[PDB]
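# below you'll find the sequence and an experimental structure to go with it.
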Amino acid sequence: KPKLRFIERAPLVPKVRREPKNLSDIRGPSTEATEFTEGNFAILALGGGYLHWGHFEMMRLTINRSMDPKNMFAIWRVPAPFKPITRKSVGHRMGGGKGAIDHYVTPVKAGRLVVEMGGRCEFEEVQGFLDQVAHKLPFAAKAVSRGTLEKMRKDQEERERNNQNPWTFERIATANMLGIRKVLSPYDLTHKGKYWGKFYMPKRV
Amino acid sequence: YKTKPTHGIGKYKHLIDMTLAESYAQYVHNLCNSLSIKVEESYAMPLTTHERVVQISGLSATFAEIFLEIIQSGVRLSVXXXXXXXXXXXXXXXX
Amino acid sequence: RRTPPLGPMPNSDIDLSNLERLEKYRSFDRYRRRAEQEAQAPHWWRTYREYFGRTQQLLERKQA
Amino acid sequence: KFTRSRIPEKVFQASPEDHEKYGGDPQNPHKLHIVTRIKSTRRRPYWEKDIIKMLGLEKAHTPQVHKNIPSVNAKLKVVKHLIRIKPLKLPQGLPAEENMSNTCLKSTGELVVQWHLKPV
Amino acid sequence: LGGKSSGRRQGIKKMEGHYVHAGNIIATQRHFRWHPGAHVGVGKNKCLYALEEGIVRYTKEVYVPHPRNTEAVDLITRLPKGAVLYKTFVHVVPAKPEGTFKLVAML
RNA sequence: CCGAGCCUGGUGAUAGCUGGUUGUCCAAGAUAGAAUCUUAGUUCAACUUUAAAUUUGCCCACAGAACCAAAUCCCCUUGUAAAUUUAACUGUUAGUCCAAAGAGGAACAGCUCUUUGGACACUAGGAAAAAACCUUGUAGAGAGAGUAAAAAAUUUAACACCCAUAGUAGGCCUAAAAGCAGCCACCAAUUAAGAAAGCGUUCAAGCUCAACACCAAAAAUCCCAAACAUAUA
RNA sequence: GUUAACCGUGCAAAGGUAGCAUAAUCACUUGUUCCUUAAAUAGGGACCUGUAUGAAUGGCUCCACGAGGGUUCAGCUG
RNA sequence: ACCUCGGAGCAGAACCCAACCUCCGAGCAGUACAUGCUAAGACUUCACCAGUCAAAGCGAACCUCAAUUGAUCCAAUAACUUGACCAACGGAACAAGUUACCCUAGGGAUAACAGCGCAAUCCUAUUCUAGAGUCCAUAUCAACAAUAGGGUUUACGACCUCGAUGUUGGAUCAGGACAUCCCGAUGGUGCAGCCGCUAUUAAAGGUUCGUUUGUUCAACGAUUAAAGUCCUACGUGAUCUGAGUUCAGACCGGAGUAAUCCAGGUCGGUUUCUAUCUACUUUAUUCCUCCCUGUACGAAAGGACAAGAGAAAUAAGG
RNA sequence: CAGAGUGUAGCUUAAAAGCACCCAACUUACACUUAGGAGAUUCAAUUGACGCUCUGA
Ligand SMILES: [Mg+2]
Ligand SMILES: [Mg+2]
Ligand SMILES: [Mg+2]
Ligand SMILES: [Mg+2]
Ligand SMILES: [Mg+2]
Ligand SMILES: [Mg+2]
Ligand SMILES: [Mg+2]
Ligand SMILES: [Mg+2]
Ligand SMILES: [Mg+2]
Ligand SMILES: [Mg+2]
Ligand SMILES: [Mg+2]
Ligand SMILES: [Mg+2]
Ligand SMILES: [Mg+2]
Ligand SMILES: [Mg+2]
Ligand SMILES: [Mg+2]
Ligand SMILES: [Mg+2]
Ligand SMILES: [Mg+2]
Ligand SMILES: [Mg+2]
Ligand SMILES: [Mg+2]
Ligand SMILES: [Mg+2]
């Protein structure tokens, strides 16, 4: 059964507990689903964001429509929408408790592989629809092969090594020079430069 | 303290006729204990008749075979179904 | 800040992959003995002690 | 939350390249520091304000002489971004009781005793 | 709705190396974040206090529960055959000696 | 000037409310929390002032501060000079933005609510004008001097040319479904051309392709310094 | 239950009777239709889920009267 | 809705820390009856009051539980002792409505109008190619989504004004934007022609009169070339109206024991200013008729543009 | 029947030990506990000769 399965809105056994919006689950690099697990191609999330059910549905549909069925398969590597979003009744004033759970969403960070594809491949064929899917998604995304990813990583490494600018960000941060840690976050030692919010800056290093 | 090298020293959670039949059951249990197998449970099931059980889980074929042989070497047995003879006994497995 | 332990931590070797295979001290006495042994041993983390603290003959005997 | 920042100790270790770049030697390290306040305490945390005052670095561009030792260096590290530090290097011998009056810090941090305003 | 309870102000009142007189409370807690060690008592709150003049010290000592206290015993039994629990203990290390013989008179 | 007249007296009624509080000069001087018919106030605390007595005060370094990140506490040396107590008090106890960690709200607000740190309510220079961003604090005169912060950068979508015969209107399936309605197989003739990758055919046909040969913007009075690519950091 | 005479059943003290009714009568509400206008969220006449009508809190007719409030034929007039 | 007390998260590592933030609970039980006396030394819910722990000693043996509670004066008691859902829980010994008949002190520290921020909602444009369009994603529609922009809406916020700034409509006069309703100039067409649909450019000029209606709106009647969308304190009350509507009188329905109320209905209901200062106070469009012509175009039905001539209309100036 | 590793009772950086093990009682049974039980340097002066494991024939 090679095709994207149904990712249904909400969990069946729902959660009555209203989760307080920890936006940290968007921010930063993805701890979890970074490296390939038996798909050869993927959709790499370059920026963080909350994936809605609609988005998921779209991704399911499009891929299915353009899926070489006997040749190819497609995996889900983001879990199902599990983070509840609460919204107050329309136009009410501030206060009077928290809003009611309206829907559910999936947190995704930069580095997360949203979808995987594998099978007998045509690079062009995969890229076409995967790129479309990426574009459709609510963050900056990239249709990415294994080899391509590796190349990118290598390039990044080279950049890190190369730069003739004597001052890196990391050095400035950890060594505290200027009173600059007063401006910076405590997460700008872990992420260094690169990550500003949900966003990510591949070029700078 | 967290930041001290003696961090999780206290950590513990991660570490954590009838008469004859009965006798036979006991013996079986003892044997199981000796040979390092999980004895889950034992029952007291209802002329007269009397049944006893020794629930067992997890044992490799060769070892299992050996165990069976030892059991064989009175009353009766019932677990492939492996019955034998010399009230009642029934050592149900779960290999 | 997470510092690594200076020497080897206690309870490292015995946790293993599986818990259900081991013997466990079903008694208290054994546990007590183990504790005593541990106490007797030195450790790196200060700790209590830092702050406060023929054959023929045999044969004959056997015969007797 | 903004906090009192603790610096990793690898930051304060001179490489051979570093040595080459600057003047100092790893053996026979300089005894004293000329510490000058080059940047205002205003707009910095109160602990940094305190540190400057403890070092006596109240007038900017007016320099103080501090022992080079772990204790003094810890304070100096706290306000390193407010101060310029340079080794007190005495080309002639350090001031005796006869030469206490005639001295001159100069630029290039050197103390001098033979201070005559006439040229060579 | 619900409750808004005040902060409980519990925790350590005296740290390692502090000079602590007999009676001084050392650390207050709910449950045992620290346990009583040498010359240190326990009040009904589980609060730890000094039983003698001296210096506070903290140590990680092997923990054996009382046989009569059941739950601890059970836990111990559960552990694997080379495991030892360990727990933190607070001691007072006494300074001034209890006694000095003085000369009353020559009789 | 009747929701209860007018005058005199009690009556200088009472106001946690508003307004106002008059010579000079200097100095120290800012909003942790409590309760409270209480949040327009108050009284304790906290901070603040003075006069005393005093010995330590801040910076802090190894050790140390459960289990179920940033940091902090404790803290000897050390750099410094003050902090604790006693004696008298008043006044603040309706705060703002910026950075950071969070919470509510729209991952809205010059929005609301905590915490850590700045700044402002106190001069100056800058950021056009500017409270809160940055540089900078202890004072006065000079028709002296060195500096700090401090002046935004860009400009972007061409692309191939030629040549295309056959077993073959593969079969199975289809009324018919011929490289291309959907499956199975995807074999092969000459140099070389997929049992066919887009169109297109009612089905055929014709077009190609693969293969040989050739080599970023759009608002409501009227744009908004003037301008300038080139003599040496 | 059978728009329902009628049936079954409950509660009540009595269970809104005559009349009148989109009204000076919570809303729905430009209710629906006939008349009036070239054209009518106006006016008149009918109908009735008025779920919020109604009997000296007076209900319903109707003669005269009214600087009361609505609609209008004709004429007339900056 | 809540108002006292406790536990968990926010508040991840000494305490402390809010919200009409998120979640659990309590206002008791059970065992004793040395839950006897006293007492060094501490902690403390950021004050005080209340709470907590407690060595030794003297008397005796050989407490559990998280929260499980409440001051003073007064009562009741021979005395020991015991008295509140004083639950608004630091408690006034005992207290309700209503006020468009209202008054006073204040407040932009707190709303309605207006502005301002934001932009949820709303409006627009791209991207994307799902799907409609006998076939054919892009003549024309357009799903899921993505990226921008606007500030018409209803909100939200409470930053200026409560020693007032006059609030819906309408008249008068209009300045502006264009995101073009009309009149030009083009590109596509599922454009033969006539009529269309869509796209670029264009803001000179223009953008009807009535019935109803408080009204914007809306419907209908007649027109038209068109009968634009908006902004300007919902443009404009020291230029006007006051029909609504922000008061005093009154009814009908309802709510209320009643005074009296209703984001219910209906009749009535005073709109003041002599201008100090700024500002300012003489610089062509379009429709239709005729001809072309009943020609082009089309199989027929119908049916054109351009060039030309004539009449009108409005606007400006005499 | 020729070589190599050796050779404390099940097992040990034990030196006659401690762990293991057995019986009875309590235990449905297991487990715990309480009573009891049994066991060893293969043998002659660091050397030799009996016992295994292993590899050859
Ligand atoms: Mg007065
Ligand atoms: Mg001063
Ligand atoms: Mg604010
Ligand atoms: Mg505010
Ligand atoms: Mg009505
Ligand atoms: Mg009329
Ligand atoms: Mg009657
Ligand atoms: Mg009359
Ligand atoms: Mg206190
Ligand atoms: Mg005692
Ligand atoms: Mg009235
Ligand atoms: Mg009245
Ligand atoms: Mg007034
Ligand atoms: Mg205000
Ligand atoms: Mg104000
Ligand atoms: Mg289609
Ligand atoms: Mg335009
Ligand atoms: Mg007027
Ligand atoms: Mg006006
Ligand atoms: Mg009148």
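All right, it came through fine. Numbers count the residues shown, from 1 in each chain, chains lettered A, B, ... in the order given. Ligands and ions are numbered 1, 2, ... in the order given.

# what's the spacing between the longest helix seen in chain C and its chain's center?
Longest helix in chain C, counting residues (DSSP state H): helix C:29-40. From the chain centre to the centre of helix C:29-40 is a distance of 6 Å (CA atoms, centre = their mean, to the nearest Å).

# that helix close to chain E?
Yes. Using CB under 8 Å from any CB of the partner chain, helix C:29-40 reaches chain E at C:30, C:31, C:32, C:34, C:35, C:38, C:39. Any C-beta I mention is one placed from the backbone N, CA and C, and that applies to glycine too.

# list the buried ones in that helix?
C:31, C:34, C:35, C:38 (16 or more other CB atoms under 10 Å in any protein chain shown).

# list the buried ones in stretch A:116-136?
Residues of stretch A:116-136 classed as buried: A:116, A:117, A:118, A:119, A:126, A:127, A:129, A:130, A:132, A:133, A:134 (neighbour count, 16+ other CB under 10 Å).

# re the thing from before, could you dump the residues of helix C:29-40 next to chain E into TSV and include distance to residue A:100?
Formatted as TSV, the residues of helix C:29-40 next to chain E follow (distance: CB to CB, whole Å):
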residue	distance to residue A:100
C:30	57
C:31	53
C:32	57
C:34	56
C:35	55
C:38	55
C:39	58
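
# of the residues you listed, closest to residue A:49?
residue C:38 (52.0 Å; CB to CB).

# what is the nearest of the buried residues of stretch A:116-136 to residue A:163?
Nearest member of the buried residues of stretch A:116-136 to residue A:163, counting by CB to CB, is residue A:134, at 28.7 Å.

# ok, now which ones touch that closest one?
Taking CB atoms under 8 Å, 6 or more residues apart in numbering or on different chains as the criterion, residue A:134 is in contact with A:43, A:141, A:142, A:143.

# neighbouring contacts of stretch E:58-73?
With contacts defined as CB under 8 Å, 6+ apart, stretch E:58-73 is touched by B:6, B:9-10, C:28, C:31-32, C:35, C:38-39, C:45-48, C:50-51, E:16, E:34-35, E:37, E:75-76, E:84-91.

# cool, and stretch A:3-13?
Stretch A:3-13 has contacts (CB under 8 Å, 6+ apart) with A:53, A:56-57, A:59-60, A:63-64, A:67, A:69, A:73-74, A:76, A:80-82, A:103-104, A:115.

# now the buried members of these.
Buried members of these, counted by 16+ other CB under 10 Å: A:53, A:56, A:59-60, A:63, A:67, A:73-74, A:76, A:80-81, A:104, A:115.

# closest to RNA strand I out of those?
Nearest to RNA strand I out of the buried ones among the contacts of stretch A:3-13 is residue A:80 (CB to the nearest atom of the strand; 42.6 Å).

# that closest one - that's part of a helix, no?
No. With DSSP: H, G, I helix; E, B strand; the rest coil as the criterion, residue A:80 is located in coil rather than a helix.

# for residue A:44, helix, strand, or coil?
Recorded secondary structure, residue A:44: strand (three-state DSSP).

# count the residues that sit near it.
By other CB atoms under 10 Å in any protein chain shown, the residues close to residue A:44 number 24.

# got a list of what it touches?
Contacts for residue A:44 (CB under 8 Å, 6+ apart) come out as A:111, A:112, A:113, A:114, A:141, A:142, A:143, A:144, A:149.

# ok, the residue lying closest to residue A:169 once chain neighbours are set aside - contacts?
Nearest non-adjacent residue to residue A:169, counting by CB to CB, 6 or more residues apart in numbering or on different chains: residue A:193, 4.0 Å away. Going by CB under 8 Å, 6+ apart, residue A:193 touches A:169, A:170, A:201, A:204, A:205.

# repeat that for residue A:118.
Counting by CB under 8 Å, 6+ apart, residue A:118 touches A:38, A:39, A:40, A:41, A:72, A:73, A:75.

# what pairs with the strand or helix carrying it, parallel or antiparallel?
Element membership for residue A:118, per DSSP states H and E: strand A:113-119. Applying DSSP bridges to the sheet, strand A:113-119 is found paired with strand A:41-45 (antiparallel), strand A:72-76 (antiparallel).

# what is the burial count for the closest residue to chain E within chain D?
Going by CB to the nearest CB, chain E is nearest to residue D:1 of chain D, at 18.6 Å. Neighbour count for residue D:1, taken as other CB under 10 Å: 3.

# buried residues in stretch D:25-37?
Neighbour-count burial for stretch D:25-37, counted by 16+ other CB under 10 Å, picks out D:30, D:32, D:33, D:34, D:35, D:36, D:37.

# not counting its neighbours along the chain, what's nearest the first one?
Setting aside the residues directly before and after it, residue D:30 is nearest to residue D:87 in space (CB to CB, 6+ apart), at 3.7 Å.

# burial of residue 41, as a residue count?
Assuming you mean chain A. Look at residue A:41: counted by other CB under 10 Å, it has 26 neighbours.

# my question was about chain D
19.

# cool, the one 5 residues further on as well?
Counted with other CB under 10 Å, the neighbours of residue D:46 add up to 8.

# quick check: it vs residue A:186, distance?
20 Å (CB to CB, to the nearest Å).

# equivalent analysis for residue E:7, please.
Look at residue E:7 and residue A:186: by CB to CB, they are 25 Å apart.

# okay, the two: which has more neighbours?
residue A:186 (11 against 5).

# A helix includes the more buried one, no?
No. Counting by three-state DSSP, residue A:186 is not found in a helix; it is coil.

# what sits against it?
Counting by CB under 8 Å, 6+ apart, residue A:186 makes contact with D:1, D:3.

# quick check: chain neighbours aside, which residue is closest to residue 35?
Picking chain A for this. Counting by CB to CB, 6+ apart, residue A:35 lies nearest to residue A:113, which is 8.0 Å off, once chain neighbours are set aside.

# switch to chain E, that's the one I care about
Closest residue to residue E:35 in three dimensions, ignoring its sequence neighbours and counting by CB to CB, 6+ apart: residue E:89, at 5.1 Å.
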